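Protein chains in written order, with the entry's author numbering: chain Y, 14 to 932, 948 to 1126, 1135 to 1375; chain X, 1244 to 1341; chain W, 2 to 91.
Beta carbons: idealized from backbone N, C-alpha and C, even for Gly.
Take a look at the structure below.
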DNA sequence: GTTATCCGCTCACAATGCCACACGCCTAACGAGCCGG
DNA sequence: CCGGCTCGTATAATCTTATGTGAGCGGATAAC
Ligand SMILES: [Mg+2]
Ligand SMILES: [Zn+2]
Ligand SMILES: [Zn+2]
């Protein structure tokens, strides 16, 4: 029907089924097919469902339209349309009751969770193997106690009429309604208030939440068991018309026939007083038959004749890649469409495409019919059909009137990102292929290798106007993933423009003088002066530094004839120094980009067209071919290979004498072949790039070459140094598929021949790369599918949330070069707070403005290192994202409008380039200030600097204050310098030992042995070839039971032998000793201030991004600190080693367990702040969230995923990854109960908690306390309020079972739901629809 | 291969696929993500409802084009009623409120 | 013909009010039978609607003002017809 | 002893889109049919 | 002169190169 709100779901009562149906099927036969009338009371019928033909009795009595409503008596068939055959249900009244298969085997077992009874027991009740007891009463036995035949017989001896024990589905049906619901809830609530054990509280909170949701619905525990089973309207499972004889049956019809045969046989056996064994067996057969009908997968049994495939049950018509969500309710086939192969056609403009004439007559047939019947050239529709099937000459003029302003959508099939479908205007072509403008071809990522494209037609008025405004190809220049133009001129235009704008030192007409650029053109056409000969010309140029107008300026510049020709298509704005250089690929790309920045939109489009036209024209007049004498072999290749063979023979002889081992032999050979390959490549590149010597009109000079493939590489059209390296120099080192890299490299190039073995070796890398591509495609597609499932319901919905939180951005520095500066990251995001000038108390930026480009430069000039800026993850708006929390939009210019469905474009921007992926001393480098962060150090006796703080960090600074470089300075290392010591570059400023942990002291004196007994705790090991016998101290577990209860310790004393206190505190720090602690300076030996007491020895591709957005737990994570306090070890081997951290003021209830196998960092007297590392390794983000706050997990995810995308040169803006992070941490647990109705262990979406706390804080009550969860993206999709949006995604079965038990109700808000139903989307245009509806509802 | 108005399937009232059976193209799922990614709203409504699965909607649209008036009639897709009728074939009540 | 759109998005508010306003103007121009302000150049109604948007003679406030004015004139004219019927009866 | 945990075994559920093309989708034995021997 | 043959048709049966997850449940496991 129409005008309906939210969809409601619940269980279905038997009386509801009798309210549905229109008759009772009794006979299992479909049709007689002697005559093809349907059999009465079969699966097909006419009295039950409806008329076979239109408006006719099956008897054939009433055949007139004016007899509607009155049924026949010859056939009992209501004279109605055959659409009624699509819509009337049927019912079957079963003999025995029957268990539903989903509620038994969803696995959370709904019956088993409800009755508190294990699943296997209920299974061997339902399949007739046991008994249950139903109100035994004055009986030894209990209720849920189950038996066998022997205990049942012995009970019949004992309590022969007391207990009531049944079996089969009737017994479970008896147990279900015998149970109350209120008493179980109140009893188990009192029991949960009388329980402290955790797992019992888990199970009981599950059971009472099940019961409370089950009572707050409408339904009952009787309804999980079927009694009356409904059947589908028989047009919806149609009988296949074959050719000759019989009709081919579907799967549903065979399953219903089997069920009805079994039901009739059981009903007759009940009619004749059958013995008990046979009716038990028959009820088991009927239960198994209904379990085969509803879902064939739990018992994979029903297979048909001549095709041993599982038949398609009703649940198989919903799941999978062919059920009604993925197949038919999202991707529908569409009329007015078409398909062809494509073809270039370089004469087009940017906003049009080539359309075949005949196919365009075929598409627009109704518009043609309307134009013909308008102009009087026809009267009926059949006259118009005859005229357009004759293809008379008036029809082509009519078709050209139909085209003129009516755009057409074009599409390429594996659509990744939102530039995949675009709208053009048509230009008619007598042909059979679709022409397509060549600049757009990079955006589609189209070949011309046979790639096919498709055509759709917008046909209403709003669709034409949207395809003109929102989607015409003159409106998509910048990319939504990053603000870069997608209209880069490709390979051939690059070659043309690079060949035009060069120079050579002696040509025709060199050094003459010219008037305009057009006289240089007239000299090029006549053949008087060549295309590139240097010449002084006169140029006028316009500069718009005047505030909104143009300033002329005329001068004489030393330039080239080709550059003067190219200047004629540059518009008024740009300065002449944009076309004075050699103009490769990136140069003309930034030419287009600066033309977009300074002038606007329309000169950018028309300038890209003029560039494409003249680039193809002069690429034609070049004649740049390629030939076998354009690949210059070096003259020095032969002796380099000879010297490499001499060196490998010498290393082979040094291995043969036995001096060098095999691994170092391997390493020397691979190093010298790497060096030889690099030398040959250097020689060939130096021989190609500059060999061209030409006569000056003096003697000789040098210049950049005019060789063919060097122009094809130096312009950046096709190829790199690597491909042109393999063509003439030798090719690399081929690696075998085991993972090793082979000894002998391929000594030959491609211009010479390869022999048999070397080609056979190269085949390995070929097939490896091909298989990698073949699997990488599918994995990227699946990950894109899941991300756009997650982020779909999120729309920029209001203007200004108006908060004062956010994040702090600093330009990222690994320690090598600064990877991303502050300009590129925080271009175009709205400032959180007023970042002050380095001139203090001077407002450099207002707190609530937008960092546009000029403003970004004026922020850059004062060398700001950290800017605070508003993110999406802290935006305040319920059910959406505020506008100023998201900033300016990519692919357009200004701030984002209210409605842009940013979650979908974000998921596409992450998931689009997924195909391109794959599947001992600190040394400063420049001069600046030396800053050490979290440093607490002391100079020892030997002048070295040992640090008593773990978290020391190195910052190389300039004179300004911005960070030049950064490194990590370990705890207590060998430091060549101190803090703030102004040093210069190239300096190794630090060192340490990777096999010695610092057990450094704090005072001077002696070190004495407390509980360090040789034979109990410590051992005396003599280094047998040096002479310094030392002591080795283990931990408690590695030594035996003689020192297991003992704790060895190096007690820090003075030279007298007494504990000198730490300067600042009053605590003696005796040093208890961990394992592998080699104590060198023993008792009686004087120590220093912080001296080494004990020496202690110790992915990346696409699945990294997959395992990160799943947020799955890494192996052996890093233990953090829960709250600050003094560390204290405790009891050993109660599973693990205990640890108690005592706060300064609060108590210490948490006594954390640590596997003593894994190592540790902190010491006993040491105390650390919360969230700090204990055992090194990977980290799960759960801990990062619950300890370091909310922004920390966003920064961790952004930096890691952005490292994986910076490794391949892929540039993706950060706000997309932020708005994917927001949809991951939306659920929440509750810590208290609060003052409202929320339970404690209640998982609940955060925004409802936030509006509940806002409503309670409006009054004077107390709120609730919540811990923000963090789920995987598939777990976040699969737990959503809309039960449609979780049904369309994977595991539809479990979602429909849980949603049908709970009886939910889906508001239809979001994108995916309204696509399913088929009204306007609440995202784009139609957003302005929905709130216009919403104010209609509330008022 | 092209199509203006051709044949339809039996179970769901969608057009067929292929060249030989005079079919229309599969405007699949990822293209729906792409139209959601623009601000395109009405065009998604035609590609979902007027071009297929709304019977009275599409015949009203065809007559309305031949008459020379570009309107549309939204309606409700027949495949969704199919989905309702085979969820009701299980034991699951599912209705539409209001 | 018309290639660009950016003369209208800087006149009406965003890229979404332009769609609804120009579709409404073209729908009342095509079928309701009203004469366009600027002259045609044998183009369709969508393009002449976008032209009247970008020059600045059609706007959403202006559409509602004109529709209110002509509808008030319509009900006033049929009230004049009712009073003419009342003159014809008595 | 008995109780609250830790760990190994078993099992459901996912794995891009589109296109063309092409050939496939029962029968040994239980209720009727013909009429010969 | 009913079904022996012959047919219309309704309907039952002895794999064995996969991976990665999560999620749950039965059996051991370390304490007052
Ligand atoms: Mg291709
Ligand atoms: Zn009848
Ligand atoms: Zn906000």
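Point to revise | residue 212/Y to residue 1173/Y span [Cα, whole Å] | key: 23 Å
Review point. Looking only at its own chain, which residues have a Cβ that is under 6 Å from the Cβ of residue 632/Y, when we skip the five neighbours before and after it?
Key: 505, 508 and 509
Check your understanding: So what's residue 1030/Y in DSSP terms, helix, strand or just coil?
Key -> coil
Check your understanding: Which one of 89/Y, 272/Y and 221/Y has the shortest CA to CA distance from residue 106/Y?
Key -> 272/Y
Review point. Considering only the beta carbon of each residue, do residue 52/Y and residue 61/Y sit closer than 7 Å?
Key: With contacts defined as CB atoms closer than 7 Å, residue 52/Y and residue 61/Y fail to qualify as a contacting pair.
**Study point:** Cutoff 7 Å: residue 1238/X Cβ touching any chain W Cβ
**Key:** There is simply no residue 1238/X to check, as chain X begins at 1244 and stops at 1341 in what is shown.
**Study point:** Simplified DSSP assignment, three categories, for residue 144/Y
**Key:** strand
Exercise for review: Return the CA-CA distance between residue 1333/X and residue 139/Y, expressed in angstroms with no decimal places.
Suggested key: 20 Å
Practice item. Show which residues of chain W have a CB atom less than 7 Å away from the CB atom of residue 1353/X. Key: Here chain X comprises residues numbered 1244 to 1341, so residue 1353/X is not present and cannot be evaluated.
Check your understanding: Using the rule of at least 16 other Cβ atoms within 10 Å of the residue's Cβ for burial, across every protein chain shown, is residue 1048/Y buried or exposed?
Key -> exposed
Exercise for review: Establish whether the CB of residue 28/W and some CB of chain Y are separated by less than 7 Å.
Suggested key: yes
Practice item. Over the uninterrupted alpha helix (DSSP H) stretch that includes residue 1325/X, give me the two end residues. Key: 1321–1330
Point to revise | Reduced DSSP category for residue 1264/Y - H, G, I as helix; E, B as strand; rest coil | key: strand
Review point. Where does residue 1326/Y sit, in a helix, a strand or coil, going by DSSP?
Key: Residue 1326/Y falls in the coil class under three-state DSSP.
Check your understanding: Taking Cβ to Cβ, would you say residue 1272/X is nearer than 7 Å to residue 344/Y?
Key -> Residue 1272/X is a Cβ neighbour of residue 344/Y, given a cutoff of 7 Å.
Review point. If we count the other Cβ atoms within 10 Å of its Cβ and call it buried at 16 or more, is residue 1092/Y buried or exposed?
Key: exposed
Point to revise | Check whether residue 104/Y and residue 241/Y have beta carbons under 7 Å apart | key: yes
Point to revise | Extent of the continuous alpha helix (DSSP H) run through residue 198/Y | key: 195–206
Check your understanding: What is the rounded straight-line gap between the Cα of residue 922/Y and the Cα of residue 432/Y?
Key -> 11 Å
Check your understanding: In terms of alpha-carbon separation, which member of 310/Y, 123/Y, 284/Y and 362/Y lies closest to residue 235/Y?
Key -> Ranking the options by Cα distance to residue 235/Y, first place goes to 123/Y.
**Study point:** Cross-chain neighbours of residue 44/W in chain Y, by beta carbon under 8 Å
**Key:** 417 and 418
Point to revise | Beta-bridge partners of residue 821/Y, as assigned by DSSP | key: 881/Y
Practice item. Please list, following the chain, all residues that have a C-beta closer than 6 Å to any non-hydrogen atom of ligand 1. Key: 460/Y, 462/Y and 464/Y
**Study point:** Reduced DSSP secondary structure (H/G/I, E/B, other) of residue 107/Y
**Key:** It is a strand residue.
Point to revise | residue 230/Y beta carbon less than 7 Å from that of residue 1137/Y | key: no
**Study point:** Nonlocal neighbours in the same chain, by C-beta distance under 8 Å from residue 641/Y, ignoring five residues either side
**Key:** 764
Exercise for review: Check each candidate in 597/Y, 608/Y and 562/Y and name the one with the smallest Cα separation from residue 582/Y.
Suggested key: 608/Y
Practice item. In angstroms with no decimal places, state the Cα-to-Cα distance between residue 522/Y and residue 716/Y. Key: 19 Å
**Study point:** Per-residue DSSP class, three states only, for residue 51/Y
**Key:** For residue 51/Y, the three-state secondary structure derived from DSSP is strand.
Exercise for review: With DSSP as the reference, label residue 555/Y as helix, strand or coil.
Suggested key: strand
**Study point:** Near-chain Y residues of the region 1282–1302 of chain X - C-beta to any C-beta below 7 Å
**Key:** Interface annotation for the region 1282–1302 of chain X against chain Y: 1282, 1283, 1284, 1285, 1286, 1287, 1288, 1289, 1290, 1291, 1292, 1294, 1295 and 1296, criterion Cβ-Cβ distance under 7 Å.
Practice item. Considering only heavy atoms of ligand 3, list every residue whose Cβ is less than 6 Å from one of them, following chain order. Key: Each of 814/Y, 816/Y, 888/Y, 889/Y, 890/Y, 895/Y and 898/Y has a C-beta closer than 6 Å to some heavy atom of ligand 3; these make up the full list, in chain order.
**Study point:** residue 469/Y in three-state terms, based on DSSP
**Key:** If DSSP states are grouped into helix, strand and coil, residue 469/Y belongs with the strands.
Review point. Using a beta-carbon distance cut-off of less than 7 Å, what residues from the region 595–626 of chain Y approach chain W?
Key: Under the 7 Å Cβ criterion, the region 595–626 of chain Y contributes 614 and 615.
**Study point:** Three or more C-beta pairs below 8 Å linking the region 344–354 of chain Y and the region 371–382 of chain Y
**Key:** yes
Review point. What residue ranges within the region 867–929 of chain Y form continuous alpha helix (DSSP H) runs of no fewer than 4 residues, ordered along the chain?
Key: 915–924
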